[PDB]
Each structure stands twice: as structure tokens, then as C-alpha cells.
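Trainee: An experimental structure, sequence included, is below.
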Amino acid sequence: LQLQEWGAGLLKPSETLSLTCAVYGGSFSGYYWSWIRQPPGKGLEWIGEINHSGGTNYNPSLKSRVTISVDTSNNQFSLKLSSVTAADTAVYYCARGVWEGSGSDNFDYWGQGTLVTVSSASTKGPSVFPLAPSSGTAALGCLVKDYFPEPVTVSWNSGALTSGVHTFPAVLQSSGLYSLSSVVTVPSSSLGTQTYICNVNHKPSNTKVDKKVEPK
Amino acid sequence: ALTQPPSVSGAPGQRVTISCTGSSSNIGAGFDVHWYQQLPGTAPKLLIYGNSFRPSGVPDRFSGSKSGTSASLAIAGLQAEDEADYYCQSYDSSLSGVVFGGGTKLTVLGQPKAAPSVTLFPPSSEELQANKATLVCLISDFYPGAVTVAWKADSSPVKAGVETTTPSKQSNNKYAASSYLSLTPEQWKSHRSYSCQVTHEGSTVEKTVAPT
Amino acid sequence: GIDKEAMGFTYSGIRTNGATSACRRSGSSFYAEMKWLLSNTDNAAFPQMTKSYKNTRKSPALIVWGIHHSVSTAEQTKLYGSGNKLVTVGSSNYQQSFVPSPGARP
Amino acid sequence: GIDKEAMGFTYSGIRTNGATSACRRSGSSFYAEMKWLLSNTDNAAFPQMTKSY
């Protein structure tokens, strides 16, 4: 029993997420047919299901915002979500649910999953701030903030100090923009005399920045 | 409304337990609890249904139960290939629908337990002069790849603003992750001191920063 | 032997497709000559109903119905809505009324 | 004859010590093989339980 869903990928807020999932090897009316989503971080939410007869079973917290149709003929069933916020960015699965009473009891033979990122925009550049050290050795870094899309170079002194560097991975925040922070630990006695310039580079947004870190 | 632990350790073979704690409205009713196995990058597969009954393909290893207001999965005979996230599932009548758990991350040997390295950073003087504030919690050099960050204004925990990330392999084949607290400048000034406490198997690292 | 005849019942504003996986017919299904009367959506109030049948034929009829005892009070209010439930059955020489006893059986 | 075996019922959240002056065993007692399940305090709620053997 195969199960694979396709449809819209990226869409901007206040639009209408539309998906549709196709089945191979089975037939409707034996069971219920459900859409289950998973945010990229954590959790698992059941949005609704339907049977051959068009009989639906909807999540009340998403009713008045969700409509699930069924194409009994073409062996596929759809999904309409109507005023999409940024909270709807998640992986969407279709799955067959074992009909037990009223609607399904568990789910066997899940689909594969399609990602639906719902964010607004766009090729932006980063705001970069200094991470001062305080108070053996100390740590200081840079803060690349609110940029899109990856990647970015976080060199220290144009590529002259790697010993002690630790570039962290980005974070896709709810606004759709990215953010990272590369830090370096260095001796606290020479903090001091030497100077540290982090030279962020963003070829996607063409911009280059050279910000210097100093203590208080 | 199904509270699972976020992480579980384990050496190969050894039995390991996953809790699935629920309320009087989901498992405190006649609603069975089932489990699903999500291997990384894959769809979930059906594990135990009907609280103990395993489908065709599931080894003797996987064994579950339900008691009172909670369920418990048992993985005895930990293989390498059991690295996955496990979810429980049942029916909650208060939501009038089916509910899952948050999920538990199954981690196996062999790099020994590694305590994390937490470096906290207060808002930059430049950022406070844009009417923004960003506290930055940096987490390095821990194993396994399963930590839970908790932010606390002096006593009260901070609910919103957090943007924690998924741990990833360092060069050292350890794991690392960052967490970002977004604050307004008057929120940063109107409290004694904000703390970042990262939780790992037994260790709870509490780094702390204050406005100076 | 037996000869069956449609009762001719017609339902509106409810679900008549309550089924189960214990009665397999290419997936979940129910008794052939019965229907599992469900509320139109989960936990919704079940509208009070009354249905009637006349035996036009010359031999007596075998009328069989079922009272459903749900696993839990919670499940009962999921299938048929909250509140007390009652089913009364009437004929010329029969009048009994059944209250479901929900609870767990093995 | 009859040979007895305990069915192993545990209780929590209720009282099990109901007794009466009609089953008088040097005081007020109850049936030997039975337990009179009550509620913790007078007029308190009895919670719905399920016990198998």
C-alpha cells in the first residue's frame, strides 16, 4: 500500500494551502483518510479525516479554517486550509486511519510527507552586533541577525584566526529569517591588546560587514 | 495533552522505558494508547496498538502497557537501528479528537556521556539602541544530541521569545545548538537578571547574565 | 429458514455508518442487517428520535435491536453526545425502556 | 469441597473497610471473602474503577 502527497510548497501568509494525496494498492470506504501535520521542531497534530461517503471528522480548533474533500474516483483525497498564518509552517502527511467507531482509532500505512513553509519574504541582509566578553580565558563573538537566505561567511580577521572559533548553525525563526552567532574563546590576559574583527559576508544579498569586538 | 520525556539514553541491549503521561480525559478514559516510530528523514511507522498488540514486522523487543492515566513503552534489546523518535497517541474528548505526544528521542551508544558547554551573552549595547534586545545562549560539546533549554527571568520562567534549534554534529562528532531569547529593552532593564539553563541527561547548566 | 424485509427506516441529521474493524468487509464495517446510529459529529447532542414499523405480512416478524454499552462514559458521550441516554420500545403487548450501562468488559 | 484462591484486587482512592453489627466477629465485621468498598469521606465521590481477574 503506497501513499504519496503533493501540492504547494512555499506560500506567503493569508493564502490558501491546498494539498492532495494519492493512494496505491487499496480502496476507500474500508477506513478513514486523515491529514496529520508536524511542525519542524516538535509535535504532531491531527487536522482532520474523511471517509468514502464524504463523511468528515474535523479538529474543532481548526474548523472554520479547514476543508477536506475526497475524490472517490481518482483514488486521491485533498486538503484546503484557508487563511494560513506563519504557525502553519510544518510537514504535512496523509495517512490511512483504522475505522473503529466514529472516526479512526490508529493510523497504519502513513504517507511520505511534504514540507509546507509559509513565510512572507525574502532576500534580506543581516544586522550584525558585537558579543562582548566578560568578566582563565574568555569568550566573545558576533551576532548575525535577521538574514535570508543562507549561507554566510563568519571569518575572524579576514581569515587569520581559526584556533578557538566555533561557528554555530542558523535558526529558522517564525519570521522566516535566519540568525547565527559565531563565538571565539581567547586568553583573558591579552584582552588586552589584540583586536578582533569578524567579517560577515552574504553573497545572496551582496552585502559584506566587518564589525570589531572590544570589551566594556 | 500527552506528556512524554524529550530524551532517553541507552547502551545496546539494555531495556529502556518511555513514559506517556496523560490526563483524566484521554487515557483516564477507555481510549487505547498506541505508538509510532519515526526514523530520521522517514515517515512514521505503526508500533504497538491496543496498548500491547504489535503489528507484523515488530520484534519481540517492543512491549507496551497502559495503567491508570499513563502508558509505558519498553525497548529491550537495543540495536543500533533503533535510533528514532517515538510518539504515543490516543483520543482526548476535551479536544474531541485524536492527540499525540510531544515525542521522545531514542539515543544509543557509544561516545560516553558528555556534559554541555554553555556560554550566555547579554544584549549588545548597539542592539539596545535599536529598541531591540537579544540574549544568546550557546551550547557546545554534549552527547547525546538531546537537550532542553529553559529560560528564567530571575525566578519566573520565560514562555515566549525562544527560538531553540535542532542539535547537529560538530566536528568532534559531539552535538551543539543555540537558543535565542528575544526581549524588549524595557523587559531587559525591568528584571534583576535573566538565566539560561540547558538540561541534559542529569546535568542542568545555569548560566546567568545581568545588566551592567 | 428466514426471509428478510426492509424495515424502511430513514435517518436525518445523524450518522448511520458507525462501523468497526472487528467486522471486516474489505476494511471496517458493521452488522449487515443493523445500523450503528451515531451523532452527526463527535460529542454533538443526539437528537431525540422516534421510528415506527408496521407488520403488513400474515406471519409474525422477528424484530431485533441492540442497546450499545460503550467502553467508557467518555466514549458514550463521544458517539452519542453527553447527557443521560434512554431507548424505549413500544408495541401492543410490549413496552420496555433500556438505559446503557457503560464500562469496561474483557 | 471448595478450595479458595485470592484474586488480588488492590484499591486506591476509596475505603475498603465497610462493616456491620450483623457480621459480628468480636465487634463489627463483614464477610470474610468479600470487601465492602466505600468512599473516603461521607458523601464524597466514588471514582469509577475497573478490576480484572
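Mentor: Yep, it's here. Numbers count the residues shown, from 1 in each chain, chains lettered A, B, ... in the order given.
Trainee: Residue B:14 and chain C: what is the separation?
Mentor: Per C-beta to the nearest C-beta, to the nearest Å, residue B:14 is found 34 Å from chain C. Quick note: C-beta positions are derived from backbone N, CA and C, even for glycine.
Trainee: looking at this, that residue is in a strand?
Mentor: No: looking at residue B:14 with DSSP: H, G, I helix; E, B strand; the rest coil, it is coil, so not inside a strand.
Trainee: right, and it touches residue B:74 too?
Mentor: No: using C-beta atoms under 8 Å, residue B:14 is not in contact with residue B:74, being 11.0 Å away.
Trainee: Which strands border the top strand by length along chain A, and is each parallel or antiparallel?
Mentor: Assignment by DSSP state E gives strand A:137-147 as the longest strand of chain A. Partners of strand A:137-147 in the sheet, by DSSP bridges, are strand A:127-131 (antiparallel), strand A:178-180 (antiparallel), strand A:183-187 (antiparallel).
Trainee: Pull the residues that contact it.
Mentor: The contact list for strand A:137-147, computed with C-beta atoms under 8 Å, 6 or more residues apart in numbering or on different chains, reads A:124-133, A:152, A:154, A:175, A:177-188, A:191, A:196, A:198, A:200, A:202, A:205, A:211, A:213, A:215, B:119, B:121, B:124, B:127, B:134, B:136.
Trainee: mind exporting it as PDB, just the C-alpha atoms?
Mentor: Coordinates of each C-alpha in strand A:137-147 appear next as PDB, following Å, rounded to 0.1, in the frame of the first residue of the first chain:
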ATOM      1  CA  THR A 137      40.300  32.600  29.100                       C
ATOM      2  CA  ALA A 138      37.100  34.300  27.900                       C
ATOM      3  CA  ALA A 139      34.600  34.100  25.100                       C
ATOM      4  CA  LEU A 140      33.500  36.800  22.600                       C
ATOM      5  CA  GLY A 141      31.700  36.700  19.300                       C
ATOM      6  CA  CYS A 142      29.400  38.200  16.600                       C
ATOM      7  CA  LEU A 143      25.700  38.100  16.200                       C
ATOM      8  CA  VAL A 144      24.300  37.900  12.600                       C
ATOM      9  CA  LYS A 145      20.600  38.600  13.000                       C
ATOM     10  CA  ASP A 146      17.600  38.500  10.700                       C
ATOM     11  CA  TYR A 147      19.100  37.500   7.400                       C
END
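Trainee: Adjacent strands (with direction) for the helix or strand just after it?
Mentor: For strand A:137-147, the following helix or strand on the C-terminal side (DSSP states H and E) is strand A:153-156. In the sheet, strand A:153-156 lines up against strand A:196-202 (antiparallel) (DSSP bridges).
Trainee: okay, the angle between the helix or strand following the strand it pairs with and strand A:183-187?
Mentor: For strand A:196-202, the succeeding helix or strand toward the C-terminus, using DSSP H and E, is strand A:207-213. Between strand A:207-213 and strand A:183-187, the angle comes out at 30 degrees (axes from the mean of the first three to the mean of the last three C-alpha atoms, to 10 degrees).
Trainee: Can you point out the buried residues in strand A:207-213?
Mentor: For strand A:207-213, a neighbour-count test (16 or more other C-beta atoms under 10 Å in any protein chain shown) marks A:209, A:211, A:213 as buried.
Trainee: about what we covered before: of the strands paired with strand A:137-147, which stretch is the most buried?
Mentor: Of the strands paired with strand A:137-147, the one with the most neighbours on average (mean count of other C-beta atoms under 10 Å in any protein chain shown) is strand A:178-180, at a mean of 24.
Trainee: Walk me through the domains of chain B.
Mentor: Here the domain assignment for chain B is B:1-110, B:111-212, based on curated CATH domains.
Trainee: List phi and psi for the closest residue to residue C:80 other than its chain neighbours.
Mentor: Excluding its sequence neighbours, the residue lying closest to residue C:80 (C-beta to C-beta, 6 or more residues apart in numbering or on different chains) is residue C:46, at 4.7 Å. Residue C:46 adopts backbone torsions of phi -80, psi 120, taken as degrees, to the nearest 10.
Trainee: Enumerate every residue touching residue C:46.
Mentor: Going by C-beta under 8 Å, 6+ apart, residue C:46 touches C:14, C:37, C:39, C:80-81, C:85.
Trainee: please redo it, this time with the cut-off set to 7 Å
Mentor: C:14, C:39, C:80-81 (C-beta atoms under 7 Å, 6 or more residues apart in numbering or on different chains).
Trainee: and the closest residue to chain A within chain C, what is it in contact with?
Mentor: Distance from chain A to each residue of chain C (C-beta to the nearest C-beta) is smallest for residue C:27, at 1.8 Å. Residue C:27 is in contact with A:29-31, A:99, counting by C-beta under 7 Å, 6+ apart.
Trainee: can you list those residues in CSV and add neighbour count?
Mentor: As requested, these are exported to CSV (neighbours: other C-beta atoms under 10 Å in any protein chain shown):
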residue, neighbour count
A:29, 18
A:30, 19
A:31, 27
A:99, 25
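Trainee: Closest one of the residues you listed to residue A:167?
Mentor: Comparing the contacts of residue C:27 against residue A:167 with C-beta to C-beta places residue A:31 closest, at 48.6 Å.
Trainee: Quick check, that closest one in contact with residue A:100.
Mentor: No: counting by C-beta atoms under 7 Å, residue A:31 sits too far from residue A:100 to count as a contact (9.6 Å).
Trainee: any residues in contact with both of those two?
Mentor: Contacts common to residue A:31 and residue A:100, judged by C-beta under 7 Å, 6+ apart, are residue C:28.
Trainee: quick one: secondary structure of residue B:81?
Mentor: Under three-state DSSP, residue B:81 comes out as helix.
Trainee: In contact with the residue nearest the centre of chain A, which residues are there?
Mentor: By C-alpha atoms, centre = their mean, the mean C-alpha position of chain A lies nearest to residue A:40, the distance being 4.9 Å. With contacts defined as C-beta under 7 Å, 6+ apart, residue A:40 is in contact with A:89-90.
Trainee: got the buried residues of strand A:207-213 as CSV, with distance to residue A:115 columns?
Mentor: Conversion of the buried residues of strand A:207-213 to CSV gives the following (distance: C-beta to C-beta, whole Å):
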residue, distance to residue A:115
A:209, 31
A:211, 34
A:213, 37
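Trainee: could the domains of chain B go into JSON lines alongside mean neighbour count?
Mentor: Listed next are the domains of chain B as JSON lines, based on neighbours: other C-beta under 10 Å:
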{"stretch": "domain B:1-110", "mean neighbour count": "18"}
{"stretch": "domain B:111-212", "mean neighbour count": "17"}
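Trainee: mind putting those in a markdown table, distance to residue A:110 included?
Mentor: Listed next are the domains of chain B as a markdown table, based on distance: least, C-beta to C-beta, whole Å:
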| stretch | distance to residue A:110 |
| --- | --- |
| domain B:1-110 | 4 |
| domain B:111-212 | 21 |
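Trainee: Next to chain C, which bits of chain B? Give me the list.
Mentor: Taking C-beta under 7 Å from any C-beta of the partner chain as the criterion, chain B approaches chain C at residues B:29-30, B:93, B:96.
Trainee: again, only this time at 8 Å
Mentor: Residues of chain B found near chain C (C-beta under 8 Å from any C-beta of the partner chain) are B:25, B:29-31, B:91, B:93, B:96-97.
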